[PDB]
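Please treat every number below as a calculation from the coordinates, not as lab data. Ideal geometry is used to build each Cβ from the backbone, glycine not excepted, and the neighbour counts take in all protein chains shown.
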Amino acid sequence: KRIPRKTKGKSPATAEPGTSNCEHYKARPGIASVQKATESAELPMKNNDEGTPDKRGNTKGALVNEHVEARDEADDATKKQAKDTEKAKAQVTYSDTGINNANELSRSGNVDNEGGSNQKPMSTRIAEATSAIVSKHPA
Amino acid sequence: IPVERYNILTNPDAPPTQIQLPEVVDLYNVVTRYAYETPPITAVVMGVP
Amino acid sequence: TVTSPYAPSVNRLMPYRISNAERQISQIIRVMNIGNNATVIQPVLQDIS
Amino acid sequence: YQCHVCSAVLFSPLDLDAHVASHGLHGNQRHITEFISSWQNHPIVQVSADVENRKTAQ
Amino acid sequence: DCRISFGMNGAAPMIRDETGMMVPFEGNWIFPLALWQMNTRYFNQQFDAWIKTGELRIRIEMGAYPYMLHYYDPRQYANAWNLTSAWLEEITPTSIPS
Ligand SMILES: [Zn+2]
């Protein structure tokens, strides 16, 4: 009865006159197609985690600017839309719309939680700031 | 042996569920064991004229 | 019209009832998750389409 | 065989005993939801997404 | 709103009248043909055993329907269940045979 885990942690009956299985009816909406569409639409949402820290305290994600991050995510969504529609150019674009949206920010791994850039990760900053004041034995 | 932790045994005039939990935790208590059933979501989809 | 029959039992446990406050808090968390990232909006609209 | 509660068709007596448990009847666990329509013969069960080798189960 | 309720511990099952009452499987009934078609399978398994040997009787109201004839010799035993069962179990949410 032991249930596994999904992740890792710290380690005279005669046949009565009603029954039959002859399959007379077929649904017009299409049970297989409806189940396929439901499978596609049932999926949970993507986990947008970049900007948040890991165990050691270092933020996750690339070191690119916020606005260029938003632009790249937009046109990647456009490419994925085209791929889903199975064409060469997406017809429902998320990028290069008519709206001027030059102030939009999208969370990236460039900025830490304090509000400073991490060109030198948090663990490295802590380590050097602590090593700056250690001392040895006299002799 | 600390008799304060074995209260329901040592202390005669103590109700079987009494616990002095914030100060000292007891090492002999009254546990309530269960046995349930968790059936799956069943339905019989009928049609409407 | 859905119908789901059953027999009289008291040891049945189907934990599924919550308050609107918890639903609203979950909705707020998901709205924060979206975070101007069109990649987490695209599949939803496409699949509902 | 058949269950006179939900009108589903079974094949083995142990199958019927295991099936009535979903309604609450005893006798002498892999499914999450179990539906059945009344105008056709096509049940639809639903099993967890991590299990292996699902035999036509959503 | 036609709902069925299974019988338990020997008590007979019951079906819901149009006026909210629930009755057993016996007597004179009146169905709309669409009401049967929408539940062609759930109804066969519940009702056919009672129409055959029990005391149930149903008046499926249709208005118009094509028919077909079967002649038999009167001086020999004849039985209609093999004909009238292959019709009930073939009623469908889209079609009916003769
Ligand atoms: Zn059943």
>> Being surrounded by fewer than 12 Cβ atoms within 10 Å (Cβ to Cβ), of a type in the set (A, V, I, L, M, F, W, C) and closer than 30 Å to A:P53 by Cα is the filter here; which residues of segment A:69-109 pass it?
In response: A:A102
> In segment E:60-75, is there at least one residue being assigned to a helix (DSSP H, G or I) and among the aromatic types (F, W, Y)?
Replying inline: no
> Filtering segment D:24-37 down to residues that are surrounded by fewer than 18 Cβ atoms within 10 Å (Cβ to Cβ) and either at the interface with another protein chain (Cβ under 10 Å from one of its Cβ atoms) or within 11 Å of the chain's Cα centre (by Cα) (or both), which residue is nearest to the ligand (Cβ to nearest atom)?
Replying inline: D:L25
> Can you name the residue in segment D:45-54 that is away from the ligand (no atom under 14 Å from the Cβ) and within 13 Å of the chain's Cα centre (by Cα) and, of all such residues, is nearest to the other protein chains (Cβ to nearest Cβ)?
Replying inline: D:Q46
>> Condition check: more than 14 Å from every other protein chain (Cβ to nearest Cβ) and within 11 Å of the chain's Cα centre (by Cα). Does E:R57 satisfy that?
In response: yes
> Looking only at segment B:8-49, which residues are more than 30 Å from D:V45 (Cα to Cα) and either assigned to a helix (DSSP H, G or I) or within 16 Å of the ligand (Cβ to nearest atom) (or both)?
Replying inline: B:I8, B:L9, B:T10
> Which residues, counting only those in segment D:1-17, are near the ligand (Cβ under 10 Å from one of its atoms) and either surrounded by fewer than 16 Cβ atoms within 10 Å (Cβ to Cβ) or in a loop (DSSP other than H, G, I, E, B) (or both)?
Replying inline: D:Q2, D:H4, D:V5, D:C6, D:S7, D:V9, D:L10
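Residue by residue, here is whether (1) within 14 Å of chain E (Cβ to nearest Cβ); (2) surrounded by 10 or more Cβ atoms within 10 Å (Cβ to Cβ) holds:
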residue	(1), (2)
B:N11	no, yes
B:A14	no, yes
B:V25	no, yes
B:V31	no, no
B:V45	yes, yes
> How many of the residues in segment A:82-102 are within 14 Å of C:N37 (Cα to Cα) and out of contact with any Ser or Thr (no Cβ under 6 Å at 6 or more places or on another chain)?
Replying inline: 1
>> Take the conditions away from the ligand (no atom under 16 Å from the Cβ) and within 13 Å of chain E (Cβ to nearest Cβ) and apply them to D:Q40. Does it pass?
In response: yes
